[PDB]
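Participant: Fold the following.
(5 chains)
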Amino acid sequence: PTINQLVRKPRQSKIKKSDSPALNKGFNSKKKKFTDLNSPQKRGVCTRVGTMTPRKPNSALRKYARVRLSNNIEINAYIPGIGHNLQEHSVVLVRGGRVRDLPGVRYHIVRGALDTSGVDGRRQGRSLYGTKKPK
Amino acid sequence: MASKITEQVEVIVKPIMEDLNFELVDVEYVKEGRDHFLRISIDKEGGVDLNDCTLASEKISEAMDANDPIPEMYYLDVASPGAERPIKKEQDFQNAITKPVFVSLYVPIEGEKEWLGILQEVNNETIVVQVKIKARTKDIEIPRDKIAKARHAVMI
RNA sequence: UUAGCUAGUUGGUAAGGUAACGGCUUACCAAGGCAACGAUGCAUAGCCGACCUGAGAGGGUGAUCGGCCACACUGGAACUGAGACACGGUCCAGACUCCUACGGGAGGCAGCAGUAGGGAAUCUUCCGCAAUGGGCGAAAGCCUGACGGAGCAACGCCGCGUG
RNA sequence: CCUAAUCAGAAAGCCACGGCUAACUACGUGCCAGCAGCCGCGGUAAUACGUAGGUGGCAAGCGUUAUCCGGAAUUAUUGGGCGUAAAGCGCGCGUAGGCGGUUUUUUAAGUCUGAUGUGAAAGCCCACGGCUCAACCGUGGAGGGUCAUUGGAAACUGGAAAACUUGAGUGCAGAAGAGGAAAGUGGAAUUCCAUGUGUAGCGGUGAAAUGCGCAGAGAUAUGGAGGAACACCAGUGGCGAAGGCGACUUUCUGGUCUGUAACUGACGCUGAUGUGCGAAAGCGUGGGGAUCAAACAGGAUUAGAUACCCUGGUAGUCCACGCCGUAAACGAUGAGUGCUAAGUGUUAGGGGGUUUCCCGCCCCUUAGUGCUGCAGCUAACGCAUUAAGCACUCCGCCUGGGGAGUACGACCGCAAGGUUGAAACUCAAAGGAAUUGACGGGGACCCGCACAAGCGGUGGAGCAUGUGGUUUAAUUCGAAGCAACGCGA
RNA sequence: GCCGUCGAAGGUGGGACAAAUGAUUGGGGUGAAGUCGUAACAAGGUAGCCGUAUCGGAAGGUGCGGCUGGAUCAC
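Facilitator: Residues are numbered from 1 along each chain as shown, chains lettered A, B, ... in the order given. Take a look at the structure below.
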């Protein structure tokens, strides 16, 4: 652009929006004040659990669940991983993740530390999967 | 069409209750430019375990694997919903006396009518919930005649 | 997808008023005065020094720490005193909440720990004034949740090995 | 913190190994489980699941996640475009403003060019001291203003003054026109219709239905009407800034250029806001309606039929102004500036010589509009004196796709609704150019017992084997259009 | 001690944004079935832009205007 119009303008960038609406507790539990908390985790419950079916050929049956965290904001979220012992209205920790299974969702639960218990039979959960070192 | 999906409802309601002996309260399908999303709310017991969703989804998918009068393949959404329910009837409120509900009533507060409380007892139109708003405790009798919208709520 | 704002306002006149200043406020007369070079309105925000990434340019950030500003249940005040309309004065009223012989009395951690809750959780309901830092004096001393110190969170670096 | 001793003896792991990036094989596993940051893997055989080993990387930590920048130059001042992937209003006039021609001085405003005060401290960089060292504080230095002041300076910009000129101006001579808008004139003729003749059908189709129509439709020839846009030219002619602008003419103007240098003396510059002008439709109103024409219906079609094929007609198209202001207004090439091989035209000019008008030629440029092409540059495409090459003041856009020009506001709009203008969701693409395949059919070249022309084989009837089947105590395989059946055999 | 300046706070009334709600209406789709609608030929089919309108429920088409556009695609 010309120098003058460059001056009378900011040349604004194309700054993005976080595709993860991770508005953590912030001021939810006083004044219900919306607050952009970037917490990597909030405690909260999946009030309902479900299971959408994938199409062929990989009929890798993926299971979903609708959850409320500390802010209690509705979202249908899929469960990854093998093995669990939770049910309806069980408290669950959900991490940010978008996978190839189904649109309309951009988060994912984590295994091991809460009602959706992981499995300690593998060795990949040695530092993760919520489960301790397989000893 | 709707007649077609009803026909699938009757044909696949057999499995659901010979498989997991569940009942589908309904099967409804939403679509956004692809195999539509037939949400079948499967019932049986209220607190359906995720496995009780995985196995039931296996059953229903295999049932329709060879059964699909509808020419295209589509997403089966196998839903085992919880107790959360819209309270239109008084019995809907009576069952929910255990769990909290939120209602929208002709007399709001601060512009909007929606308020959540946790039921202590059932009292016809009158409400003895431990309604908790702004961290405030009280049993407030919300008149159902005021109630324009009412739904059973999450227990959290 | 914020364009008109605008009447003590504009300026002066006289009074007062304050350290001063003036609509600063009164009474006067006069109509101003701002408004795209974005006032106004809205959201939002403590400020900067500083800091993070970036070769840098830059971008972003604004933990303690330096200072500056704002606030001290809420509003309205005002006494005091050099200085407060007073973070731990007061008055009143509003609540709020608490309690009373029910007649009215009582309180306000955005001080420090900690409590409850909230939160993913954040450190002693720790000590001391040893060190300084005051207040008050001449001083001892008073208090010091400043601060110093240890105390927890492999929370962060750095550093020893885990031969 | 240090010393007497204590052993290798307490003390360490974790991540990854398809690659991306360091490291793999064996195994169980079975497109399933699954893994999954990306390509995608896993279908039984996985270095992509799990296990064992083995390796790597790393460690008092490791890995995941949340965010900021690097990346990300993904703002593109540095460090993007708009020739096409995203972008030039539709095109204007112009306010401010942006930048500012040649020369002569002053200014010192800037500018430069030092001095001053003054940039808390720390951090900040450097050096250095301490803490084993590191970490670390400290120490000083450096750094740190776009601050104010003064020393010069006058190149430059900005002033101040002085003028010069071609730009600009305007000056004279011409050349120059679908430019604009008003008005009038004509024409062939949509359509309708007058009259006269004239049938029997017109009619659209698959049939037609319909619809028209035997009292004259369709048709004819004589006659008009209305309204319509104007048969050629027509072209890269032209005007324009575009919209758009072509029947003729005029209106009273706007613009075009050759030459011109006429001479004040930069008077110039694009141009936020503003803002005019402006396809079509639509529409308000008031007329027309000549077509045309949605809707429409008669009506094929078919319960349905407007679906379309009909027949007629139809808002409006058309006249008055507004609303309309929008579009493919597209070159998605803002404008102006001036530079830069060529060949090589145009549209107007001019000149020189050339010759009778050189008009004839040539050549020089004037100012545009070509085609090929130097260089240049583009992913490519191509432009290339008219750059998409080179540069310069001034405008707007673009920020993946799309979500959605759409929401929504506001304003406006008679309205239509417009203008205006998203969020959320979602996907790793979307996209551009090119680059290789294929399609997909006739004619024509054309050959072949492919035919013509004949000629040879099958079954006719019966028999040998075979192909197949039957049944069997078994009736043995293996194969079958061309490319099976005395095939192996 | 009274009055008078101001005076919170607080409420009253006129309205504005209003906020969810929403009177009832409207729009739609819908035949389970209550109308009963028949039961013949089932479609003679079509297809290079944008804006704008008039319908088509739409699917599109009549369009008006002027035309830039960038065949198929594989392992």
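
Participant: C-alpha only now, for contacts and for neighbours.
Facilitator: OK.

Participant: what does chain A put close to chain B?
Facilitator: Proximity of chain A to chain B, by CA under 8 Å from any CA of the partner chain, involves residues A:30-31, A:44-45, A:47-55, A:61, A:63, A:68, A:84, A:86-89.

Participant: so is residue B:7 in a helix, a strand, or just coil?
Facilitator: helix (DSSP: H, G, I helix; E, B strand; the rest coil).

Participant: distance of it from residue B:113?
Facilitator: To residue B:113, residue B:7 is 40 Å away according to CA to CA, to the nearest Å.

Participant: What ranges does chain A have for its strands?
Facilitator: A:45-52, A:63-68, A:75-79, A:90-91, A:94-96, A:107-109 (DSSP state E).

Participant: try chain B
Facilitator: According to DSSP E, the strands that chain B contains are B:24-30, B:37-42, B:75-80, B:100-109, B:112-118, B:122-123, B:126-127, B:147-152.

Participant: Out of those strands, which is the most enclosed?
Facilitator: Compared across these, strand B:75-80 shows the largest average neighbour count, a mean of 26 (mean count of other CA atoms under 10 Å in any protein chain shown).

Participant: check whether it contacts RNA strand D.
Facilitator: No. Using CA under 7 Å from any atom of the strand, strand B:75-80 stays clear of RNA strand D, with a minimum separation of 14.1 Å.

Participant: Residue B:35 contacts residue B:76, correct?
Facilitator: No. Residue B:35 lies out of contact with residue B:76 (CA atoms under 8 Å); the separation is 9.1 Å.

Participant: so what's the residue nearest the centre of chain A bridging to?
Facilitator: Closest residue to the average C-alpha location of chain A: residue A:107 at 2.8 Å, with CA atoms, centre = their mean. Beta-bridge partners for residue A:107, by DSSP bridges, are residue A:96.

Participant: you'd agree it is up against residue A:101?
Facilitator: No. The criterion here is CA under 8 Å, and residue A:107 misses it with residue A:101 at 11.6 Å.

Participant: ok, residue A:74 to residue A:66 distance?
Facilitator: 7 Å.

Participant: and the residue of chain B found nearest RNA strand D, what is it in contact with?
Facilitator: Residue nearest to RNA strand D within chain B: residue B:54 (8.5 Å; CA to the nearest atom of the strand). Contacts of residue B:54 were listed using CA atoms under 8 Å, 6 or more residues apart in numbering or on different chains, and they are A:51, A:61, A:63.

Participant: What about the closest residue to residue B:126 other than its chain neighbours, how many residues nearby?
Facilitator: Nearest non-adjacent residue to residue B:126, counting by CA to CA, 6 or more residues apart in numbering or on different chains: residue B:141, 4.5 Å away. Residue B:141: 14 surrounding residues under other CA atoms under 10 Å in any protein chain shown.
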